[PDB]
Every structure is written in structure tokens, then in C-alpha cells.
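To start, the structure itself, in C-alpha cells.
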Amino acid sequence: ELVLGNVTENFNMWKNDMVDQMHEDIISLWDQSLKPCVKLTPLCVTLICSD
Amino acid sequence: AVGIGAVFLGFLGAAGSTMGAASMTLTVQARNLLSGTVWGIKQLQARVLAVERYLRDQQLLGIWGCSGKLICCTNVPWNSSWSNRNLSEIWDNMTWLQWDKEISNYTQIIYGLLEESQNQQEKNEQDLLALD
Amino acid sequence: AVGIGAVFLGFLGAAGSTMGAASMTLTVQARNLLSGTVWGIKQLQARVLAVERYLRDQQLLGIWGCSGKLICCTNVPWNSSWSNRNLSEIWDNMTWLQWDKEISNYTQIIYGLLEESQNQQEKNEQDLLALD
Amino acid sequence: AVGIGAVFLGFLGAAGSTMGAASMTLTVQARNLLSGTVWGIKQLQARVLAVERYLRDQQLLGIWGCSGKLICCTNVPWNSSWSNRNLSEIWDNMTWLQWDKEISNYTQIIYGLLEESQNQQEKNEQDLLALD
Amino acid sequence: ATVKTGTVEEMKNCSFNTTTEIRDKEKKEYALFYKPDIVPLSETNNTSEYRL
């Protein structure tokens, strides 16, 4: 709830670091959640197809 | 803005108040410095730094005097080159964050003085206790 | 049961003795609250919680007074709404565990009283050391 | 060898100086006892041991007295069976390391005297503050 | 590799069927190996047959 009163502070949107924490946490979690799942290696066979 | 239940429980909430008026709130910051798969290592590393931050402060306070006192006097005189303001500006006009912009110059000079003041005092008390 | 070498070294060994006679054993508990692959994470989380448990008590005693004293007085009068017993019942009849069942009500009233009792002491000493 | 800016920042550097001379340097040791994939477990385990070591020392110093004082007197007399030297050998001739080779025998007898010495004092003080 | 002295004959020239990207198609392929990586495959009439 804490509005700081008579303070003024120099924010930045593009020089910001916390965006790269979001980015690394995202990739490291995506890649973690795939490790237990079925690798499609046996499925690289010759497909025969029609429309 | 200021309320003693929560002002430093989200930290910082008195920082506009000027240095004299801020000095009644210090306890709320102190009591909040220590709250609480690879994410296990993230939390452990974050916790262990927050402990060492706290202990390294409490150790400095031990060595200079005073051991837990939040506010204490020190028997180190304030040098003319630092003396650039009348006391009333410091206590009644500046904010703590603004005062830091000044005394963030030359700080370790003060810590060297503060440490050695305590050494000489413990040498002196030891002789008084040797007579006593 | 009681024995100051081991009573609290596996903890709690005095708990039936009544509140007055337990006061001689506190050091045995105070000296033991800090004794010492995914299993590595279980042990690290066990250790770091035991440190944070300990430091948070030292921070509270530091803020109310007294900085490391095991026992001390506090300039908070004991209110009639808590005063439901004579001193002899407390020190000579109840156990600490029996006492907890009462003063586990309203405990944060007391911690509010204690913290502010210290603020006003440190302010009042600061004026005297300013006159000294 | 001795130099207060670094002597104990790599630790130990006064160890040849004799016990009386080394006593001016103790602060440099204290202020350095707490500096700072599977390798993350190795580092966390090193940190967490450095913390618990440091705290168990401060816990003892609290319980005996004195909670932050680096040097204090203790109202335990020195028994004749340890009194095997004149004070002038101890303070002016031996090194701290050479002294340790003696009182590394039977040190726990002294801890049992120091701990119990504090109890009897804190009971005595409580009876005086009980009339304050 | 070209018969001759142990300076050249330190190299064997060997060929084998690799599995392509396509699990059902195997392709003949070749490489040079030093004699210490290679051992004569048994169960044969002292032939040109080998393994790692």
C-alpha cells in the first residue's frame, strides 16, 4: 500500500534487467517441462502420402 | 505514507520525511531485513545472501560499538572538510537518501576512525578492571 | 529428568518442574537451537530454516531490549485483563507449558508495547548524551 | 607481518608476535570470519558452515558474557593446576599458538565455570531490579 | 590406406552402412582410422572385417 511521499525516482524501460530474468526463467522452465516427454525419433520414417 | 505497522514491512516508506522525523521509524526496517529442481538452488542462494548481508552489518555494529543499539554516539569528532552544513539542515531539511549523496564520499575514513576508537576504549577499560 | 549437562541437549527435559524452578536451565536450550543430489537440498533447507528461526529471535530481543540477556525487565506494566492470577500460582504452581495456554492469547499486544518502550528509552538517552 | 589493514584479511598474520602484542589486532580476524550444477551445492555447503561456525561462537560469548565485547573479565579464578606460569611469560614471552598447546587440555572445565558464573549473576541482578 | 610401410599403414581405410536421418534408409559411407582404434572382427576366415 506504500506511496512513498516526497520521493522522485529515475525509472527505465529499455535498460531494465528484470525482463532478462523473465526471459531466462521462461526458457529454463519450458525446456525443463519437455524433458520427461516422448521423443519422436522412431517416427522419422519415409512417409507415403496423398491429398 | 508513514504508518509504523507496515511502512518498512514493504521497506522504505518513510524516505520523504526528513532525517529527524525518519529517526522514530528505524525498528520497522530492522525487523523486516530477514523475512521468508534448479529453483531450489535459486531460493537457497537468495536466502543465504540475505543472512550474510544481515550478519555483516551486525558485526560492523559490534566492532565499532554499539552492539545492538540502533542509535549511538561514538567519540569520533566530525572533521571540518565534512562540516559543510549547519546541523538544522541535516536534521530538519534533508532526506536520508539526499544526505547519503554527500557522505557516500569518503565513508571508509569514518569506519577506520570508528573501529580504532573502540580498540583504545577496550584497552583503557581493561586497565580500570585490572585495578578493580 | 532435570540435569544441566543434557536436559535441553535433546531439548525440553525440564518441562514439568513449575515456572520458577525451570529458570535455572535456559542456557541448555539457548546453546542447542543451533546444533549441527536432492538429499543435499533437504539438508540445506533444514539448516537454513534453523538459522532464520534463531536470528529472528535475536532480532526481536535486540529491538525490545535485551540484546543477549536471556532474562530482563521492560517498563511495560502488567495489565489487569492479563492479571487473572497471583504471582505464587505463576512461579510456584504452573509449568511454562501450562502458562503458554494463557498468554498465547493477545501476545502481539505485548510485542507492540515492548518495541515502543525501547524507542522512547533510546530517544531519552540521546538527549542526555547530547547534554553530556 | 602485523598491519591492521590486512594482517587477518588473509587471516592469521600476527601469529609470531607474543600474546600481549597480538591483543591490539583481534578486530581484523573477527571482521573476516564471515566474508564472501553440483558445484552450487559445494558453495552453499561452504557458506552455511561458515555461518553456523560464526553463530555458535557468538552464542557461547552471549551465554558466558560478553555478547560483543572481544575482551572481558569473568569472575572465575584461575586454578593452581593451570597456573603453571608467571603472568609475564604468558603476556610477554609466549605466542597465542604456543599457549593453546597448554589450555587445549581441559578447556571444558573452564566453560562449565564460565556458564555457571553467568547464571548466578543474572539471578542476583533480577533480585536487585525486583527492588528498583 | 595404400599398403606399404607402418608410416602409411598406421591408417586403415574402412567403410560401413550409416543410418540416415530416415530410420528405414541406410547409406554406405567411409573413413580413415588409426590401427589402435580398430580390432580384427573374429567369426570369419581372417578377412577384411573389423570393429571399433
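Simple scheme: letters A, B, ... for chains in C-alpha cells order, numbers from 1 for residues in each chain, numbers from 1 for ligands in the order shown.
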
*Residues within 9 Å of residue 99 of chain C, only C-alpha atoms, excluding chain neighbours under 5 positions, as a PyMOL selection string*: chain C and resi 19+90+94+104

*For residue 41 of chain A, work out the shell of residues within 10 Å, counting only C-alpha atoms and skipping chain neighbours fewer than 6 positions away, then give it as a VMD selection string.*
chain E and resid 21 to 23

Please produce a file of the residues just selected, as a short mmCIF file (atom, residue, chain, number, x, y, z; two decimals), in the first residue's frame, where the atoms kept are N, CA, C and O atoms.
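The resulting again-v5.cif:
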```cif
data_model
loop_
_atom_site.label_atom_id
_atom_site.label_comp_id
_atom_site.auth_asym_id
_atom_site.auth_seq_id
_atom_site.Cartn_x
_atom_site.Cartn_y
_atom_site.Cartn_z
N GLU E 21 19.09 -39.75 -41.74
CA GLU E 21 18.01 -39.12 -40.98
C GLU E 21 16.75 -40.01 -40.97
O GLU E 21 16.04 -40.09 -39.98
N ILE E 22 16.49 -40.67 -42.10
CA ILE E 22 15.35 -41.55 -42.29
C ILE E 22 15.66 -42.94 -41.76
O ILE E 22 16.47 -43.67 -42.33
N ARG E 23 14.99 -43.35 -40.68
CA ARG E 23 15.28 -44.59 -39.94
C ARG E 23 15.33 -45.82 -40.84
O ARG E 23 16.21 -46.66 -40.68
#
```

*Distance query residue 75 of chain B at most 10 Å, only C-alpha atoms, self and fewer than 3 positions along chain excluded, as a PyMOL selection string*: chain B and resi 78+113-114+117-118+121

_Selection: 10 Å around segment 123-127 of chain B, only C-alpha atoms, excl. self and same-chain fewer than 3 positions, as a PyMOL selection string_ = (chain B and resi 118-120+130-132) or (chain D and resi 23-24+71-73)

Determine, counting only C-alpha atoms, which protein, DNA and RNA residues have an atom within 9 Å of an atom of residue 91 of chain C; residues of the same chain fewer than 6 positions away are not included. Present the result as a PDB file with N, CA and C atoms, in the first residue's frame.
```pdb
ATOM      1  N   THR C  18       7.568 -26.679  37.140  1.00  0.00           N
ATOM      2  CA  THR C  18       6.998 -25.359  37.505  1.00  0.00           C
ATOM      3  C   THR C  18       7.902 -24.169  37.163  1.00  0.00           C
ATOM      4  N   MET C  19       7.306 -23.017  36.834  1.00  0.00           N
ATOM      5  CA  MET C  19       7.989 -21.928  36.119  1.00  0.00           C
ATOM      6  C   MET C  19       9.215 -21.382  36.841  1.00  0.00           C
ATOM      7  N   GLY C  20       9.183 -21.272  38.169  1.00  0.00           N
ATOM      8  CA  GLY C  20      10.315 -20.765  38.941  1.00  0.00           C
ATOM      9  C   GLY C  20      11.538 -21.666  38.848  1.00  0.00           C
ATOM     10  N   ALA C  21      11.368 -22.967  39.063  1.00  0.00           N
ATOM     11  CA  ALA C  21      12.486 -23.905  39.053  1.00  0.00           C
ATOM     12  C   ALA C  21      13.065 -24.161  37.649  1.00  0.00           C
TER      13      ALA C  21
END
```

*DSSP on the backbone, then: every residue of chain B marked alpha helix (DSSP H), written as number ranges by chain.*
B: 19-22, 26-30, 38-64, 87-92, 96-103, 107-131
